[PDB]
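# opening with a subset of the complex:
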Amino acid sequence: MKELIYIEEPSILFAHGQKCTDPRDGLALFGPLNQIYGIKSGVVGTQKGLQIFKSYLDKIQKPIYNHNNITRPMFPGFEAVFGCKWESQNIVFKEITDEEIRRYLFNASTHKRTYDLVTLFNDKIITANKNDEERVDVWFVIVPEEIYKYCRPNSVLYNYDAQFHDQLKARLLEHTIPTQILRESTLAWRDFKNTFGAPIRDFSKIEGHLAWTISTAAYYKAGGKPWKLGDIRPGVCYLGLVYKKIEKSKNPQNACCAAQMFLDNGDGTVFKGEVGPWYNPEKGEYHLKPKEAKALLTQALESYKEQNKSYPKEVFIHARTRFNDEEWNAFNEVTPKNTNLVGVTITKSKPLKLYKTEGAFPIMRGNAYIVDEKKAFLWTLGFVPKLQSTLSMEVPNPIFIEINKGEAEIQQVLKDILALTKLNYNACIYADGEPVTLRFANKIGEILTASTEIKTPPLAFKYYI
């Protein structure tokens, strides 16, 4: 009885000023907008890690294909898709001895085991970056199977997180060093054998997709922008607010809100929030004290001024929970009178499974549902005709947007969200369920709330994923 209005797929800008829907296929067609001249890879690990990383990179030099590449497109080779060169030569390596590994591993406490391993890795990165006459732009540490399976918190035979890469990145924030974490099981599925025999990380049919993801992550961390967005109106900032909960022992952790800002470029000019003991989790509705609200808004405004040399005529605010009215009263007292405030709440737990009456494929991605002029249902999950398969399993679930306060066209915020949800960098996929500013929200909150020693972190995005 009621229609499902569809929103067209926004095309991402590519090389030579052209646009295509799929990032993989079009990136194989055109390439990156601004080519880099190449980067040096610093692998930190063992000799086995050395040989397996060199073998994997030599494997991804030559073109490799997936099982069917309508869904997971081809990988023509790193030089054949990015332009910048990558070879096994001129690769810097740092020795990780078993003696330190064994001396650390023989301790029973797993948390201090994580502590000493991250301390060793950070110290070796520091002594590789502070005295070596050579230059490394990207680091690729390798964790073997035994370290990953023995550092689990609940494996049975306080100021830091139990997991590795979160606090590695958190302690590596201050020195402005980009790096990537690679599991041994990820790139060595050939010899990674379980009890049965099959690879646990069975990347055999999608080694092209694995090469796609790794190469895109490396080119992102290199410094060259892989892609940008197609259509952006002048004077809009997508401020996706984070409210990742922090559990630093028994001190008042409360709220540690953060944000990612999209003004005119794909990268998120992320500014750290406060440690922030206010708003006792009895009132754990994750609102904002006015002074931090104007602090964050002024931070975004001066970021827009320093990166665009003008004033933003419109503000987008994204979150998961609802918004109050006093925080917006504090917001509007500092905004210019020509601005516009929009607060959109994104939820997933709402149960709504539009089953298909007849056919062989479910509801596609992009078919939105309008309830009111302020709230709507958007399907960023499911079938897409370009990839010719769904991105979900069983039946996908949509996202429910809701403009809390502020007047706006629901179609405008729908198109803005659909344009935002196609910039996943660490994973090379056509689209995801949640938007990118919310997909990266958990990562940025985890990184910025893992080490309290960080005060003013680097506001470029390359040091996080």
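Noted; the coordinates are in hand. Numbering: from 1, shown residues only, chains lettered A, B, ... in the order given.
# for the residue nearest to residue A:363 when sequence neighbours are not counted, what are its contacts?
In space, and not counting its chain neighbours, residue A:363 is closest to residue A:354: 4.7 Å by CB to CB, 6 or more residues apart in numbering. Any C-beta I mention is one placed from the backbone N, CA and C, and that applies to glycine too. Residue A:354 makes contact with A:362-363, A:379, A:395 under the criterion CB atoms under 8 Å, 6 or more residues apart in numbering.
# ok, 10 Å please
If a contact means CB atoms under 10 Å, 6 or more residues apart in numbering, then residue A:354 has A:4, A:362-363, A:367, A:369, A:377, A:379, A:382, A:395-398 as its contacts.
# then residue A:65?
A:72-76, A:205-208.
# of the residues you listed - the most surrounded one?
Neighbour counts for the contacts of residue A:65 were taken using other CB atoms under 10 Å; the highest belongs to residue A:75, with 28 neighbours.
# next, count neighbours for residue A:16.
Here the count is done by other CB under 10 Å, and residue A:16 has 9 residues near it.
# who's in contact with it?
A:29-31, A:33.
# kindly recompute the last result at 6 Å.
Residue A:16 makes contacts with residue A:30, as judged by CB atoms under 6 Å, 6 or more residues apart in numbering.
# chain B goes on too:
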Amino acid sequence: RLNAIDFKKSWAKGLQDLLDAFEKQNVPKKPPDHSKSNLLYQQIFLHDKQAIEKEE
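Same chains as before, plus chain B:
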């Protein structure tokens, strides 16, 4: 006099429309023996680039 092949707003659809021209069809240069799987995988197995319309 002659037909103008579109290449202005995009290049991939213009390229496939160029492929649609006669005596320049999807067959690669009348392939005698081999070297056909790669190109068919690249192009004719990747025919899908846009959407379609139907009521469901």
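# back to the contacts of residue A:354, now that we've got chain B?
Applying CB atoms under 6 Å, 6 or more residues apart in numbering or on different chains, one finds that residue A:354 lies in contact with residue A:363.
# quick one: what helix or strand has it in it?
Element membership of residue A:354, judged by DSSP states H and E, is empty: it is in no helix or strand.
# and if you look at the one 3 residues further on?
Take DSSP H and E as the rule and residue A:357 turns out to sit in neither a helix nor a strand.
# what is the neighbour count of the residue of chain B found nearest chain A?
Of all residues in chain B, the one sitting closest to chain A is residue B:51 (4.5 Å; CB to the nearest CB). When neighbours are counted by other CB atoms under 10 Å in any protein chain shown, residue B:51 registers 14.
# and for the residue lying closest to it once chain neighbours are set aside, the neighbour number?
Distances taken as CB to CB, 6 or more residues apart in numbering or on different chains place residue A:385 nearest to residue B:51, at 4.5 Å, with adjacent residues excluded. If you count neighbours by other CB under 10 Å, residue A:385 ends up with 17.
# what's the answer for the one 3 residues further on, then?
Neighbours of residue A:388 under the rule other CB under 10 Å: 14.
# so which strand or helix has the residue nearest to it when sequence neighbours are not counted?
In space, and not counting its chain neighbours, residue A:388 is closest to residue A:70: 4.6 Å by CB to CB, 6+ apart. Taking DSSP H and E as the definition, one finds residue A:70 inside no helix or strand.
# following sequence is RNA strand C, add it:
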RNA sequence: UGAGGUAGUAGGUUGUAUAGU
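RNA strand C goes in next, on the same frame as the chains above:
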């Protein structure tokens, strides 16, 4: 990457140990 599993709070119910006139 989406569906199940535990701690417990959005916001109004009624049990503890005082004090308004």
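# the contacts of residue A:354 again please, RNA strand C included this time.
Counting by CB under 6 Å, 6+ apart, residue A:354 touches residue A:363.
# residue B:6: what secondary structure?
With DSSP: H, G, I helix; E, B strand; the rest coil as the basis, the three-state label of residue B:6 is coil.
# could I get the full set of helices for chain A?
Listed in chain order, the helices of chain A (DSSP state H) span A:23-29, A:47-61, A:78-82, A:98-105, A:110-129, A:145-150, A:164-171, A:184-187, A:207-222, A:290-308, A:326-332, A:410-420, A:436-448.
# what about the residue in chain A that chain B sits nearest to, distance to residue A:23?
Here chain A gets closest to chain B at one residue, residue A:385, 4.5 Å apart by CB to the nearest CB. Distance, residue A:385 to residue A:23, using CB to CB, to the nearest Å: 16 Å.
# how about the helices of chain A, which one is nearest residue A:91?
Proximity of the helices of chain A to residue A:91 was assessed by CB to CB; the nearest stretch is helix A:47-61, lying at 7.3 Å.
# could you pull out the buried residues of the closest one?
Of all the residues in helix A:47-61, those buried under the rule 16 or more other CB atoms under 10 Å in any protein chain shown are A:49-50, A:52-54, A:56-57, A:60-61.
# and those as TSV, adding distance to chain B?
As requested, the buried residues of helix A:47-61 are exported to TSV (distance: CB to the nearest CB, whole Å):
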residue	distance to chain B
A:49	33
A:50	32
A:52	28
A:53	28
A:54	26
A:56	23
A:57	22
A:60	17
A:61	17
